[PDB]
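What follows are structure tokens for two forms of the same protein chain, given separately as structure 1 and structure 2.
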Structure 1
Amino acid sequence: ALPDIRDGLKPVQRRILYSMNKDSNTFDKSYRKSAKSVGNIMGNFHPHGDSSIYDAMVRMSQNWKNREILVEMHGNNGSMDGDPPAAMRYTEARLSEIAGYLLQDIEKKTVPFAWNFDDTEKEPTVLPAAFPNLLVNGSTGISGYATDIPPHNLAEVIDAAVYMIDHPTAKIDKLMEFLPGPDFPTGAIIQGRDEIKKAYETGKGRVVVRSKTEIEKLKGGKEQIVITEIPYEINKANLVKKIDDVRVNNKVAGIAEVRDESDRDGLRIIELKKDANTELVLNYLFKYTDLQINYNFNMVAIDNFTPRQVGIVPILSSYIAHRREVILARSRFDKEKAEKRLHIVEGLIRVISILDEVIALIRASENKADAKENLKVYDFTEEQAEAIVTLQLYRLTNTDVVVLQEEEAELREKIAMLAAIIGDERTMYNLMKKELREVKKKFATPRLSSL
């Protein structure tokens, strides 16, 4: 129904990503039959029919719907036009590269896990989210009428966040220098800058999305308008007809013929004029048809359990808060994982010094425990002595003692790095900035749609 301020995902979308991730259906590995996926998604999680899940998978696999795709589909997923997808038995899919970042650090006991629908598995309430998916991909939902969060540019949302990490009480106008307004994957041209401001602090506003119309003059002293990109959600199926209905049922000037020059390597459309036709005709196509239409914002996401009208300021302020809980947890999990390893490695350094004495001690024993409990002499532990008896002959070679010497150093510096992030939160916030720029530099794509 509605997404939450943190990961920006609606319930169904989250189950999809987690399922496909659990089954190891990632970007680097081979595509999987959607029928199997939707079969594991419905069987273990989300039961509300098959045709509710595959519906979501296909939306996430459309670059013309989401700014940065979350699912990658091979087969009929639909075209830039109002074209339909084939059934689940006929397509194969996997996750995108970037989707792996929403799920990155899940194993580290970072996010809260809730109990399954039929109480069998365990599923995440939120995904760790290495990027702010809420502004990046947007949302359309339930709640009164219908919510509308528009998609923004990945790179621009990152900059805004990095600014608000250092400046918590950041004024809305400053943020607008990093994220000036929305960025639609369908392009277009957004107007009303003073109206976008209202959308950013409160959540409502009207903006008007014009199409990037380019005029190129042809033979016989005539002109001819060509639409390079039409607005978001709006299809060129019945809009191409709505423009033809103005000439066939003549309401203006020299509107001659309307021909759709489709999309292959680009969108192309209106051979207007034939000889001396006004461009005041263009204003009729704007005001009457959906060639230009108002996009109303209504930014609502679930906050702390309850739905709440939100703006750019608290969306980002709820994102940074989540990321710190995820990072503080990632670190706490690894500090423990690294201390548990260090101990064993320290004991493994000891058995390398008294090698020949410990060779005879294990040889002159009876069983495994008569080797483990016989390791009273240095003082080893249950897990440390376990680790010595369960060490192989190859680990006692030249290279495997040297690589083991460097693992100790690598481990002690990790614990040292990890203790700083937990101890001082100033440096934790600096890891957040570094990780997000590490994400920006890899997935940044320049903006479409003028302002």
Structure 2
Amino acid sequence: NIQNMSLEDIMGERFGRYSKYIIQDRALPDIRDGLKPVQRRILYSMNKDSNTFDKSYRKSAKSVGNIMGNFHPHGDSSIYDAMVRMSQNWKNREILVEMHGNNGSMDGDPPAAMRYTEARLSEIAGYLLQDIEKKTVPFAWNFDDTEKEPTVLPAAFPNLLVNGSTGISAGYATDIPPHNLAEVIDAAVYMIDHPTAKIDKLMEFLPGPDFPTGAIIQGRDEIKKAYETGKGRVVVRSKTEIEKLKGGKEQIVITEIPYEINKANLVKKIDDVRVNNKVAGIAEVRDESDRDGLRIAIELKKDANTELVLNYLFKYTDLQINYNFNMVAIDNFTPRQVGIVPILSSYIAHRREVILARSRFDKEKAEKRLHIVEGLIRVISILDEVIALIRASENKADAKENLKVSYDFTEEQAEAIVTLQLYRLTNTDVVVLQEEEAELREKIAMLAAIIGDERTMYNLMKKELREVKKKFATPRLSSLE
């Protein structure tokens, strides 16, 4: 009833367990599908539950309870908040959950509890899940040992670069900014053709990030550094206009702010600058944003120090901030700090394995059906005898054995024959069958081609990647200066 351990051992073994789990299984994104385990489980669960984009929204609580009871052994709050986040166009460049109800805002208000909202997967999220039922991807057991779960998703576009990630564990942290789907795709495609793609040319397709919040991004040199090493500081500057004000008054207008900042608070601080008179061009500050548009009006008074005062805010408020790239992902089960090349290459390598496995699956399915169809073709020629032999047997198993021994059918063939229902006899057309046969034999050859020909395989990757480009492409929001 008593053991002894040193504090030295307890700490090491405990901390080791916590750190490892935090790193792999909690805080950090897989480099391939760009997902943290919670997110992946949310997607995988909602999809298994046929809670997709083309069907009715479902009561958030049901989805969460389901994720929690089958896949994710942590609190409902964690799951739900993670869910809400995946539904926020200001946080993700491409939203992966669509939600109905109050789900927060830029002014940082509290999202409504799961007992109010309703959710479903978005359309593009279905793409991360594409082919998941063709054994394309490694499965593991859940905690119950009652069901299997994916360790990574098929990921039909490159979610890591697109939605980005952040990002705090033990020992490492991660900050990755969102990027433009179309652009990322274009780079990946280039790298497929030219594997040794140097960073410089890549930048030509993929230049700087693309924040959902738009704004202006300065630091090409810094961006190159981040894409090269993994780390960089870039400057993010909210987007401004000028308005002329009846009466010799000038107005400062802001219509995009930096990624990840609380608009309500930004406004308050801009106002605080005025109250304390930390600058002179101060007048009134007003937030006039409504459904369908962001508008921040800082109108000054007489001495329109406009360029002077504007410049002050960029310094002292968050109207201008910096963003740091710290690109850390999980590669081969362990944290790596990565620039664009490794991220792109591993994503490609992943689609390779996926496309190969998909094909291997589809091939097998086809040869199995072929094998059966060849059997049916033969059966027809001796139908009367085969029916007789079956009537003469003693049970299912005995009939099967007789077909095998007597007519040399295989087990899989006998089983298929013996289970035909009677009405099937209504059609004894060798021709219809042969047509199916030829179709199968062609599916098989084409699959065999994709499998044993790195080139055709890679061509398929490209075709698919471009199809996703056309369907989901959207214009840039961030500008680069």
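Here the rigid core means the biggest group of C-alpha atoms that line up within 1.5 Å when the two forms are laid on top of each other. Residue numbering: structure 1 sequence, from 1.
- Just one of 420, 42, 389, 35 moves its Cα by 2 Å or more between the two structures on a rigid core overlay, and this residue is 389.
- Once you line up the core between the two structures, the Cα of residue 55 stays within less than 2 Å of where it was.
- Residue 343 is among the residues whose C-alpha shifts by 2 Å or more between the two structures once the rigid core is aligned.
- In the core-superposed comparison between the two structures, the C-alpha atom of residue 372 has shifted by at least 2 angstroms.
- Overlaying the rigid core between the two structures leaves the Cα of residue 222 displaced by 2.3 angstrom.
- On the core-superposed pair, the CA position of residue 78 changes by 1.6 Å between the two structures.
- Lined up on the core, residue 358 has its CA atom moved by 7.2 Å between the two structures.
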